[PDB]
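Protein chains in written order, with the entry's author numbering: chain j, 1 to 122; chain e, 3 to 178; chain b, 1 to 231; chain 2, 1 to 37.
Here the structure comes first, spelled out in structure tokens, and everything after it is commentary.
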Amino acid sequence: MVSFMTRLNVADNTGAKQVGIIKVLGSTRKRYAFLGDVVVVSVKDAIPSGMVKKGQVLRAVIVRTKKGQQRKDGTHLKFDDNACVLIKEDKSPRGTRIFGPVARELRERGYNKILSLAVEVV
Amino acid sequence: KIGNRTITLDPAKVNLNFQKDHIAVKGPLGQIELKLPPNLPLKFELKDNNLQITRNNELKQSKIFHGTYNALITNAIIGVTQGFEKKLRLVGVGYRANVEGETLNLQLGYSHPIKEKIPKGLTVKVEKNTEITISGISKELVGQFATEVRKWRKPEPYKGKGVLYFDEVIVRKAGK
Amino acid sequence: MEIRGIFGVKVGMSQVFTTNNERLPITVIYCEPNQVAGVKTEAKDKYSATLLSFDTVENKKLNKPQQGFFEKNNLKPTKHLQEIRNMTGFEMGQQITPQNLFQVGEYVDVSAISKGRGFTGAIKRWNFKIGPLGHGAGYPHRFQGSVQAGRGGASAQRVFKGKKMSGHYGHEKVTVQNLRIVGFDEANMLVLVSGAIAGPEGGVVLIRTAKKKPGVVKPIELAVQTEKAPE
Amino acid sequence: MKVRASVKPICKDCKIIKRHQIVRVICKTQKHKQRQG
RNA sequence: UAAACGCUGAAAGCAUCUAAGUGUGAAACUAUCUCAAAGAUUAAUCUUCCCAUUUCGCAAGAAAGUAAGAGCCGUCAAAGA
RNA sequence: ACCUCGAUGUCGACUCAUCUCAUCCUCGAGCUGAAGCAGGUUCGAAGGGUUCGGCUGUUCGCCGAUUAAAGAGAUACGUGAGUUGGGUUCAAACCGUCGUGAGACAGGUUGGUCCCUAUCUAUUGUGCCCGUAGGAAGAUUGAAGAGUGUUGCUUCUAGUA
RNA sequence: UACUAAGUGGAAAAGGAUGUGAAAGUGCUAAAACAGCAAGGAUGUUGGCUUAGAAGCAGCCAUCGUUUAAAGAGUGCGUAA
Ligand SMILES: [K+]
Ligand SMILES: [Mg+2]
Ligand SMILES: [Mg+2]
Ligand SMILES: [Mg+2]
Ligand SMILES: [Mg+2]
Ligand SMILES: [Mg+2]
Ligand SMILES: [Mg+2]
Ligand SMILES: [Mg+2]
Ligand SMILES: [Mg+2]
Ligand SMILES: [Mg+2]
Ligand SMILES: [Mg+2]
Ligand SMILES: [Mg+2]
Ligand SMILES: [Mg+2]
Ligand SMILES: [Mg+2]
Ligand SMILES: [Mg+2]
Ligand SMILES: [Mg+2]
Ligand SMILES: [Mg+2]
Ligand SMILES: [Mg+2]
Ligand SMILES: [Mg+2]
Ligand SMILES: [Mg+2]
Ligand SMILES: [Mg+2]
Ligand SMILES: [Mg+2]
Ligand SMILES: [Mg+2]
Ligand SMILES: [Mg+2]
Ligand SMILES: [Mg+2]
Ligand SMILES: [Mg+2]
Ligand SMILES: [Mg+2]
Ligand SMILES: [Mg+2]
Ligand SMILES: [Mg+2]
Ligand SMILES: [Mg+2]
Ligand SMILES: [Mg+2]
Ligand SMILES: [Mg+2]
Ligand SMILES: [Zn+2]
Numbered sequence: 001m002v003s004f005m006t007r008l009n010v011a012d013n014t015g016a017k018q019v020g021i022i023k024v025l026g027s028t029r030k031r032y033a034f035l036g037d038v039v040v041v042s043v044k045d046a047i048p049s050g051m052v053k054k055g056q057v058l059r060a061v062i063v064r065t066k067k068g069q070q071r072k073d074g075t076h077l078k079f080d081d082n083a084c085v086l087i088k089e090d091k092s093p094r095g096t097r098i099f100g101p102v103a104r105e106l107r108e109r110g111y112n113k114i115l116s117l118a119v120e121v122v
Numbered sequence: 003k004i005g006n007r008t009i010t011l012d013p014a015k016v017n018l019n020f021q022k023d024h025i026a027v028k029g030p031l032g033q034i035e036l037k038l039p040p041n042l043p044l045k046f047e048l049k050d051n052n053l054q055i056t057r058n059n060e061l062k063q064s065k066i067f068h069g070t071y072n073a074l075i076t077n078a079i080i081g082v083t084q085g086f087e088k089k090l091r092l093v094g095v096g097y098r099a100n101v102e103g104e105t106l107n108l109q110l111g112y113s114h115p116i117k118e119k120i121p122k123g124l125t126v127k128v129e130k131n132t133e134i135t136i137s138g139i140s141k142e143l144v145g146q147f148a149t150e151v152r153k154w155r156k157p158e159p160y161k162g163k164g165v166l167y168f169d170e171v172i173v174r175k176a177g178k
Numbered sequence: 001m002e003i004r005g006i007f008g009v010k011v012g013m014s015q016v017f018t019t020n021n022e023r024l025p026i027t028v029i030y031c032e033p034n035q036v037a038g039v040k041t042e043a044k045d046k047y048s049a050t051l052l053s054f055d056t057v058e059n060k061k062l063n064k065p066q067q068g069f070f071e072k073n074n075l076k077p078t079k080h081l082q083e084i085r086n087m088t089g090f091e092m093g094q095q096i097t098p099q100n101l102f103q104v105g106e107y108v109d110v111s112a113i114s115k116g117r118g119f120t121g122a123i124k125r126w127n128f129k130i131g132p133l134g135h136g137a138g139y140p141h142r143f144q145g146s147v148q149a150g151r152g153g154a155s156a157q158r159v160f161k162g163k164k165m166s167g168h169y170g171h172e173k174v175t176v177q178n179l180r181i182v183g184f185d186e187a188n189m190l191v192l193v194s195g196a197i198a199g200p201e202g203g204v205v206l207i208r209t210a211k212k213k214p215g216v217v218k219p220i221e222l223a224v225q226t227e228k229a230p231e
Numbered sequence: 001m002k003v004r005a006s007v008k009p010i011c012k013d014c015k016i017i018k019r020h021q022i023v024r025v026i027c028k029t030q031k032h033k034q035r036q037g
């Protein structure tokens with residue numbers, strides 16, 4: 001459960017190594033962000049050959065969580081690191097590839113482009 | 003004045019039974035019943051083909067009742083003898099209505115289907131999909147039906163869309 | 001309205017997998033056949049209700065007035081007696097089981113006495129906030145919250161009736177609504193109810209028709225395992 | 001409808017009435033409806 | 001029912017939601033939902049069970065003499081300072 | 001300058017909130033220089049809700065990102081026999097300025113003791129006694145009450161009016 | 001014996017209103033009153049400057065005259081007019 005001012009990794013090719021959460025988008029006092037949730041973030045660790053620059057405020061969607069969440073059948077999906085990918089208004093990824101595995105909760109909330117550009121969905 | 007206005011009625015078919023507080027009028031159409039509130043400050047007299055309402059005092063409510071019930075007797079006789087009718091011009095792009103049994107259904111612009119139950123004694127006919135005629139023997143009842151049908155789509159001032167009344171003009175506005 | 005009620009004892013909680021791929025936690029209720037001990041009519045009493053008898057026990061474990069009533073009404077001796085409002089249509093001295101009352105998957109509500117917790121504080125009882133722990137602090141850390149309404153003759157100068165402070169918590173009747181029945185077990189006289197039921201295991205439980213959704217019955221069916229013998 | 005402490009006819013067609021023990025002004029033009037006289 | 005809109009209708013032959021009569025109308029109000037509740041002294045209702053002695057005199061009197069039930073004590077916890 | 005100088009602890013923050021309506025959102029309606037969408041103004045309405053941060057002791061305020069909304073006030077500018085003491089205002093020290101001086105400044109800065117076991121009443125819970133007119137064990141009706149009431153997004157209706 | 005219909009009485013101003021009672025005058029009226037209903041409601045002409053244009057209803061030059069019961073360089077709406 002990624003919360004306010006949480007540093008997390010980016011699983012895409014965009015030049016951003018460390019990203020910090022600013023707001024858990026969606027409602028008032030939305031405490032946590034689970035898999036598939038959209039957040040507003042700020043790039044804090046970037047690279048010279050990157051599309052984004054350090055300090056930009058952008059919108060991202062989370063794909064992995066260390067805490068994890070439980071599905072309806074009873075299966076508990078749990079990763080080992082919190083990861084998010086940078087998205088555009090249209091809900092389309094900013095990067096051209098997605099690194100590592102992603103959850104299935106993206107499929108429910110649209111995000112079809114994210115699934116098709118992933119390595120393997122879980 | 004309405005109170006001192008003749009109510010000349012032919013005895014061909016219209017009789018008016020005057021009880022203590024229950025006036026019954028019977029004629030060509032159905033019978034109309036009027037309730038008299040207690041301690042009514044106005045006495046009727048029933049001569050040949052002429053009814054005259056007189057009062058006892060010069061009170062404000064006495065005068066008000068004398069006029070009001072003269073009008074009510076006039077309206078009851080007219081409705082019993084020839085009835086009342088109202089005409090609604092339902093106009094629009096896809097507006098249409100028709101009658102199934104006791105319920106009049108309309109499809110103006112609403113996702114949910116619109117139906118309306120017809121009370122007793124009133125007959126509503128739809129000769130053309132854009133036209134509605136409500137015929138009855140009580141003026142207030144046909145008026146209530148006309149206005150409650152209207153409430154679904156009140157005539158807008160920008161175009162002609164709505165459930166208009168017949169020979170009713172609306173102020174036009176030009177929404178560029 | 002047409003309210004149906006039955007009494008049972010909660011035995012525990014388990015889970016069942018269902019078609020449409022859901023894992024549903026369930027509560028298991030042991031429901032003895034209930035006996036209608038009295039019927040009270042609207043005309044003769046000014047209200048209508050049905051009082052049943054359940055949790056049967058031997059005659060030597062019952063007091064003299066109650067056993068006299070049971071032998072006068074020609075009923076099976078039971079130590080528990082309770083009624084439900086607006087329950088009509090049952091003849092006196094008829095055994096009632098939940099199979100005849102509710103459907104396979106209809107909505108019901110369940111009332112039970114909550115688990116006793118004793119003398120609890122304001123935070124555990126009224127979901128209050130705890131005071132700061134660092135940056136300097138004081139003796140009251142788990143503070144209830146200032147109960148000042150007004151200081152001075154022109155103001156209340158009193159704690160308002162119904163204030164939120166520490167006190168007894170638990171051992172109180174509570175109702176959870178819109179619980180779907182999952183399965184009936186006639187041989188073991190065992191009812192399966194989705195969700196969680198209040199009260200300790202072995203306590204009494206009242207199952208009633210839900211007032212929010214009286215006639216609504218949402219279908220639910222279990223899954224049949226396709227696994228076969230090892231090859 | 002315009003709520004004012006003082007109500008007076010605006011055009012010669014405006015007519016003052018007293019409904020529900022409150023004086024109002026009604027007229028063909030709906031911009032001239034007044035209340036709370 | 002509030003704001004608002006009415007139908008039929010006069011005082012004031014017209015008009016007019018109002019004075020009589022008859023409607024529509026909000027998360028507000030009264031109920032529907034949950035909990036507690038006859039110390040509600042205005043102390044309610046129903047069902048079941050147990051009392052219905054011998055003498056003296058004094059009767060919501062005495063001496064003894066008659067039951068349902070409850071409590072003390074013990075083992076406890078679905079409870080609990 | 002009427003109460004209080006044989007003592008009424010004074011800013012801000014934390015916890016708990018309650019009340020008013022001159023209504024920020026949600027709810028209903030009239031007018032519009034209201035085509036639709038989104039608005040403006042007025043009327044009715046207090047049931048619920050009314051965010052997190054950066055700088056400052058701060059209230060205030062500016063800025064950032066959200067939200068349906070980030071309302072105006074009162075309650076000793078609510079609340080220290082509930083917490084804190086950052087600020088003000090003890091003794092220490094320095095800067096600028098005034099004074100010949102000791103010293104002084106709603107000028108600035110560093111540091112600096114916040115006590116009380118609850119008698120009455122108010123309140124949250126739990127008991128004993130007695131009454132309810134024979135006693136006891138059960139099941140009830142419900143006079144007077146308390147608790148909750150927030151709302152968003154997507155799809156369809158329909159790219160229809 | 002009158003008045004009030006507001007619980008006014010039982011707190012308030014500038015201002016607003018066909019609430020109601022009393023009084024004192026004045027106009028018309030059964031040679032017909034007022035409202036409403038049914039008819040007409042004019043001609044030069046659409047006068048002229050003026051204005052892109054106004055000419056019954058822009059500012060004007062003013063604010064015409066006949067027929068006739070009546071009629072206005074118009075009562076508004078409204079039309080580029
Ligand atoms: K003092
Ligand atoms: Mg200390
Ligand atoms: Mg401590
Ligand atoms: Mg006082
Ligand atoms: Mg006081
Ligand atoms: Mg009318
Ligand atoms: Mg109603
Ligand atoms: Mg007494
Ligand atoms: Mg003095
Ligand atoms: Mg004082
Ligand atoms: Mg003293
Ligand atoms: Mg003191
Ligand atoms: Mg003190
Ligand atoms: Mg208001
Ligand atoms: Mg309510
Ligand atoms: Mg910092
Ligand atoms: Mg003050
Ligand atoms: Mg204060
Ligand atoms: Mg304050
Ligand atoms: Mg001050
Ligand atoms: Mg205090
Ligand atoms: Mg304090
Ligand atoms: Mg202290
Ligand atoms: Mg004190
Ligand atoms: Mg300090
Ligand atoms: Mg310190
Ligand atoms: Mg010093
Ligand atoms: Mg010097
Ligand atoms: Mg009481
Ligand atoms: Mg008063
Ligand atoms: Mg007046
Ligand atoms: Mg007068
Ligand atoms: Zn007007």
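All C-beta atoms, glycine included, are put in the ideal place defined by N, C-alpha and C.
| Check | Outcome |
| --- | --- |
| Compare the C-beta of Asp73 (chain j) with all C-beta atoms of chain b and state if any pair is closer than 8 Å. | yes |
| Kindly give me the distance between the Cβ atoms of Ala112 (chain b) and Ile84 (chain b), rounded to whole angstroms, as I take these residues to be in contact under 8 Å. | Not a contact, Cβ separation roughly 14 Å. |
| Quick check on the DSSP output: the beta strand (DSSP E) that includes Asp55 (chain b) runs from which residue to which? | 49-56 |
| Between the beta-carbon of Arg4 (chain b) and the beta-carbon of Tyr107 (chain b), is there less than 8 Å? | no |
| Taking the alpha helix (DSSP H) that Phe119 (chain b) belongs to, which residues open and close that run? | Taken as a continuous stretch (DSSP letters only), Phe119 (chain b) belongs to no alpha helix (DSSP H), being part of the beta strand (DSSP E) at 118-120. |
| To which residues of the same chain is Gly203 (chain b) closer than 8 Å at the C-beta, ignoring the five residues directly before and after it? | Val9, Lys10, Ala112, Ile113 |
| Is the closest heavy atom of ligand 5 to the C-beta of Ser6 (chain 2) under 7 Å? | no |
| Taking only beta-carbon positions, decide if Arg23 (chain b) is within less than 8 Å of chain j. | yes |
| Of all the beta strand (DSSP E) runs that stay within the bounds of the region 11-89 of chain e, which reach a length of 3 or more residues? | 17-20, 24-28, 34-37, 44-48, 53-57 |
| Starting from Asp45 (chain b), trace the alpha helix (DSSP H) both ways and give me its first and last residue. | 42-45 |
| In this structure, does DSSP put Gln67 (chain b) in helix, strand or coil? | helix |
| How about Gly26 (chain j): is its Cβ closer than 7 Å to a heavy atom in ligand 4? | no |
| Kindly list the residues whose CB is nearer than 8 Å to the CB of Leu74 (chain e), restricted to its own chain and excluding five residues on each side of it in sequence; keep chain order. | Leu36 |
| Between which two residues does the alpha helix (DSSP H) harbouring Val144 (chain e) extend? | 141-152 |
| Would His114 (chain e) be called buried (16 or more neighbouring beta carbons within 10 Å of its own) or exposed? | exposed |
| Under the three-state reduction of DSSP, which class applies to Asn34 (chain b): helix, strand or coil? | strand |
| Taking contact to mean 3 or more Cβ pairs, one atom from each stretch, closer than 8 Å, check whether the region 7-25 of chain e and the region 49-64 of chain e are in contact. | yes |
| Less than 8 Å between the beta carbons of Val128 (chain e) and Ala99 (chain e), yes or no? | yes |
| Note down, in chain order, each residue of its chain lying with its Cβ closer than 7 Å to the Cβ of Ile34 (chain e), except the 5 sequence neighbours on either side. | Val27, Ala78, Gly81, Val82, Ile139, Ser140 |
| Take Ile96 (chain b) and list the residues in its own chain whose beta-carbon comes closer than 8 Å to its own, dropping the five residues that flank it on each side. | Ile6, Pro33, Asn34, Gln35, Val36, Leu52, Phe90 |
| Who are the Cβ neighbours of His76 (chain j) in its own chain at under 8 Å, not counting the five residues just before and after it? | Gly68, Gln69, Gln70 |
| Quick check: the region 152-167 of chain e against the region 85-103 of chain e, are at least 3 beta-carbon pairs closer than 8 Å? | yes |
| Is it the case that the Cβ atoms of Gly20 (chain j) and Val41 (chain j) are separated by a distance below 8 Å? | yes |
| DSSP state of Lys53 (chain j), grouped into three classes? | coil |
| Residues in its own chain within less than 7 Å of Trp126 (chain b) by CB, not counting five upstream and five downstream? | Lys164 |
| Alpha carbon to alpha carbon, how far is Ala46 (chain j) from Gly199 (chain b)? Give it in angstroms, no decimals. | 56 Å |
| My assumption, with CB atoms under 8 Å, is that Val110 (chain b) sits in contact with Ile26 (chain b). Please give the rounded CB distance. | Incorrect: roughly 12 Å between the Cβ atoms, too far for contact. |
| Tell me where the alpha helix (DSSP H) around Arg107 (chain j) begins and ends. | 105-108 |
| Suppose the cutoff is 8 Å on Cβ atoms and the five residues either side in sequence are ignored; what does the same chain contact list for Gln109 (chain e) look like? | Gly96, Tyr97, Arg98, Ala99, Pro115, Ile116 |
| Can you give me the C-alpha to C-alpha distance between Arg142 (chain b) and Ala122 (chain b), rounded to a whole angstrom? | 8 Å |
| Would you call the CB atoms of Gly170 (chain b) and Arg117 (chain b) closer than 8 Å? | yes |
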